[PDB]
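Chemist: Just dropping in an experimental structure and the matching sequence.
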Amino acid sequence: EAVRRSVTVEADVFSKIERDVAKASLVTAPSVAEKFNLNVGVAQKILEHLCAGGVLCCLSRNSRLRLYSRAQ
Amino acid sequence: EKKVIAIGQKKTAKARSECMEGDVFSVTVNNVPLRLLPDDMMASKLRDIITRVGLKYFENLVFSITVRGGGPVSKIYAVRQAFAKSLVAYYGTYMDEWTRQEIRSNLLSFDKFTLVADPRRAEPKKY
Amino acid sequence: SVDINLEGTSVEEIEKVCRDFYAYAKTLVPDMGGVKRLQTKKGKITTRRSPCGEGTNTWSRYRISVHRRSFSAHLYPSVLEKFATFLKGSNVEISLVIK
Amino acid sequence: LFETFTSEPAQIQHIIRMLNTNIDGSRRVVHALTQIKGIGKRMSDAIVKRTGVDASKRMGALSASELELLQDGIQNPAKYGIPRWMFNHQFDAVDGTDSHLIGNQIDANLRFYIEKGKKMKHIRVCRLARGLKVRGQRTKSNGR
Amino acid sequence: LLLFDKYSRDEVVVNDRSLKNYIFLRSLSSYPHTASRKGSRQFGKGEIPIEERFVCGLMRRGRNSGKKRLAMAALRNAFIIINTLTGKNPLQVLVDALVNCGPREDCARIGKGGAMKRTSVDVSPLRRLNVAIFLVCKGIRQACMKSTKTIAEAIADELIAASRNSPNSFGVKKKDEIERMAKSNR
Amino acid sequence: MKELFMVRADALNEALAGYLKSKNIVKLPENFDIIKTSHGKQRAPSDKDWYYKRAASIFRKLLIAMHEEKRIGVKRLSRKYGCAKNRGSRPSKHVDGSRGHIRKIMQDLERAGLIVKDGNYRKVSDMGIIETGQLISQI
Amino acid sequence: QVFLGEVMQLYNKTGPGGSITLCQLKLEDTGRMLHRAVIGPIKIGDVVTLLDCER
RNA sequence: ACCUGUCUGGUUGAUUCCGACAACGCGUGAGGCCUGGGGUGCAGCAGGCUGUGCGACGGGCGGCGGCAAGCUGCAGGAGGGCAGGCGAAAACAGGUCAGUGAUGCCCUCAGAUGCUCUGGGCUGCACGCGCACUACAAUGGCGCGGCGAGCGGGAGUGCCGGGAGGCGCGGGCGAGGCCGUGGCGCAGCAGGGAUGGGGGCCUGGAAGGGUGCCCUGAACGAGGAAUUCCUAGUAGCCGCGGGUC
């Protein structure tokens, strides 16, 4: 079984995962990379971008893991 | 004026501490202040001693701790022993002694190695 | 300025030497420094026991350790010579530096 | 919020054909360029830094303009200010000019190497013609 | 004094009377790492804290031997994801993982004579805790090896799924597999 | 220099490296973008401004060696900048740093007057003491 | 249903390895005193959990 | 011939001891011992050094056993089986004649089985096997910043170079890693570094040796029957230094 998770964004998953992280309480960068077929590298920068917007507050800034939860 | 020196040590990590009657409480371990320690486990293993003894006993006591030798984690327990040993040695010299016996009983019941050395050394086998 | 340097492998001999020399030095001078003992320079040799390859890794460790003692003062050269005559019934190696 | 999202590209070619090699657009350019036979992880760091394309771009997202900025960067790296000692095939036996072999050039040099050696009865290619380990290696216990 | 400066060890209720003796919930350090000589006194594994007993179970399979600072950093992260996914005290969800993963009864071979018969055997509370630690630290490591899951997530995945008994967690599907072999022979 | 330590170490570094780049007192070599920085390293440094960031790290090491009242050279300094070399099937042995760029990065610290030699050892001078003093005042 | 059992008496380490010991077990509310084989490390004063549903 | 002593039982790491005893007394070994390790008393002197002592005996207490030896838990304590060292009698057709100006005997001694020189081999390779190394990666790898050991205490310095390396002065050292952070992101992939090509050097009289640079990028995705080692600062992981040179 060979997996190569897509390193692209197709303007339909970005609003899909934004709806998904607004649903969930806490999401992490590898968890969206498995639930969807994204690279965790592009998944990392998406959740930082949704931290830059008012979509999710940054929890813990560590190099091993960056944790994210929904705002308010 | 008032200054005591006590040493604590882990495996081969030796740590001096100097307790003085300074202006405000401060712990500058290895010429680095406690809030700006890069290793947080170095900082928290100092802080739980302050949490156990309580901050009221550290009113004006300035601790200039230095450490050398050993690795990262044995340096944590070197200064942690040396910080508490110099704290009780200051009260034994410059303060009232029944509080020092009160403090020593508090720490020894807390953890034995805060005030006594861990005799557990690197004891290598042969071939 | 005299530096009396003495080195020895046996310790019960080199402690008898420094004891009778300090019994000799207090007769001379009261500003004589106490006997200072430098680092015991020690060495080990690890050696296989077997003269062949039939045995287990049986390693015998032999050790040598030489003990150093020193004295420092500022005296007269005739006193240095009568110090020098005193320490020749001793098997401790003796060397002196006048700087 | 896709439109305000900027960092990673939307559409990427999955594979790129260059220098008779297929290089995946999924990899970033320094890691993508090393699929070329003759370009390692050190040479590709040199080429991207000397040419000046963005290393933080996936390779399929590159335009054709910067892609031809890379293929000439591969072909003559001495043009793009790369020092001599980082070259593949430098101080040549025949022409004596420092060069950097890419792709089929290495094996065609290698096929030439065994062919010229078997003519000259060279021992080192004779063991390589039989697949034997030809450097200082031991061949009793390992390599079997 | 609080674990990781966040979580109180005092408000952690181990409901099992069997394991209350051995799960150690006395606040001795902000970190799990207490380099105490408790293994020598023959029962002192019930005296080092349960989180220190847990992080020692992580540093496993050779390449991670002795990397306790890596493990309890990867548990410091693992308690933040746990607490903000569940609201519970992450020590309380940790002790509820082990009481839901320690096998109470086991299958073993007993015979005084040369013939040995496989019989059901009751499990000691300290062994029940020792192999509850072992089964979840196996399932944490084996689920995070060659996948996109990290070490800090697989702790959070297993200990949540162990605290609410479900066949997803590696502990309880191995705990119930062990206890089924007890009923297989009794 | 007690007040050297009373700021964050890495936060001092880009404040120091950005000072050495803005004042132009450290000069880049020709091959700066491709230096392995050790023979144990596998890649060149990924940072484009790695050269300044090291010049802040070297000048900090001379700063603390003055605080320890100790003299430091270039060859001993390269040992602080060595990694462990992946030696293939052999065990990974520690190797020394690249001495060549460290020597030129200290010579530019001599031209600025930050580092003045004392005998055969270069030492931090009073000019290096003052210019750090406005930096850590600002951090 | 699981019955918790307190160990008052330990004797007769048995089995191949010797880990298994027979322990005389007290039940709390009843007080019924029963021998049982327990595998791991046991101390007098521990409480063990039994689920045999037969004894 | 032999047996008892040298043991019914209990005990101990110990034929260690308690005890009953046709045995009684002894002796080796065991122990005692010697060295290192931790605690501190004094003394001397200047990554502190080394002399002299003290400190633990299983002493105290509780329960078993009671002429008991002892066992076991706790307190006190720095410490309650620390690590080594020497190591009985008897053996073995154990190994070493290739450590020997240790050697009997046999064989060889001028076309030598002597010595020495040069070259080659001991490094050959369809294959079988032992022990290790590096791995199969995300608990990872790579890039920077920060913090960084002990044994060993000789070595750093300035300049040239991209590195290896070079040159000139010359009392004079510190690791993997860990922490912080950036990239990669489950891929035979930035895992792995085998094999091979081209160049630069070091040592040496002489490279198949070592090192450095670039490139090529193998098997290996957890390993069959089997099988080794290990109880606490230990296994394991991780480097470092010394012998060889």
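Modeler: Arrived safely, thanks for sending. Numbering: from 1, shown residues only, chains lettered A, B, ... in the order given.

Chemist: Just give me the neighbour total for residue D:65.
Modeler: Residue crowding around residue D:65 was assessed by other Cβ atoms under 10 Å in any protein chain shown; the count is 8. Any C-beta I mention is one placed from the backbone N, CA and C, and that applies to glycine too.

Chemist: Give the buried residues for the helix or strand containing it.
Modeler: In this assignment (DSSP states H and E), residue D:65 forms part of helix D:64-75. Buried positions in helix D:64-75, judged by neighbour count with 16 or more other Cβ atoms under 10 Å in any protein chain shown: D:66, D:69, D:70, D:73, D:74.

Chemist: can you check stretch E:25-33 too?
Modeler: E:25, E:27, E:28, E:29, E:30, E:31, E:32, E:33.

Chemist: residue in chain C nearest to chain D?
Modeler: residue C:53 (19.9 Å; Cβ to the nearest Cβ).

Chemist: what separates that residue from chain A, distance-wise?
Modeler: 51 Å (Cβ to the nearest Cβ, to the nearest Å).

Chemist: which ones are touching that residue?
Modeler: Counting by Cβ atoms under 8 Å, 6 or more residues apart in numbering or on different chains, residue C:53 makes contact with nothing.

Chemist: Next, give phi and psi for it.
Modeler: phi -110, psi 40 (degrees, to the nearest 10).

Chemist: CA atoms only: put stretch C:56-65 into PDB for me.
Modeler: Provided in PDB are the C-alpha atoms of stretch C:56-65 (Å, rounded to 0.1, in the frame of the first residue of the first chain):
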ATOM      1  CA  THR C  56      38.300 -16.000  28.000                       C
ATOM      2  CA  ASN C  57      38.900 -12.200  27.900                       C
ATOM      3  CA  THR C  58      40.900 -12.300  31.200                       C
ATOM      4  CA  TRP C  59      42.500  -8.900  31.600                       C
ATOM      5  CA  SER C  60      45.000  -8.200  34.400                       C
ATOM      6  CA  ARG C  61      45.200  -4.500  35.400                       C
ATOM      7  CA  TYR C  62      48.500  -3.400  36.900                       C
ATOM      8  CA  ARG C  63      48.900   0.000  38.400                       C
ATOM      9  CA  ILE C  64      51.700   2.500  39.300                       C
ATOM     10  CA  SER C  65      51.100   5.700  41.200                       C
END
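
Chemist: Next, see if it gets close to RNA strand H.
Modeler: Yes: applying Cβ under 7 Å from any atom of the strand, one finds stretch C:56-65 in contact with RNA strand H at C:60, C:61.

Chemist: so how far is that stretch from its chain's centroid?
Modeler: The gap between where stretch C:56-65 is centred and where its chain is centred comes out at 25 Å by Cα atoms, centre = their mean, to the nearest Å.

Chemist: quick revisit: in terms of secondary structure, what does the helix holding residue D:65 contact?
Modeler: Contacts defined by 3 or more Cβ pairs under 8 Å, 6 or more residues apart in numbering or on different chains; DSSP states H and E place helix D:64-75 against strand D:15-18, helix D:41-51.
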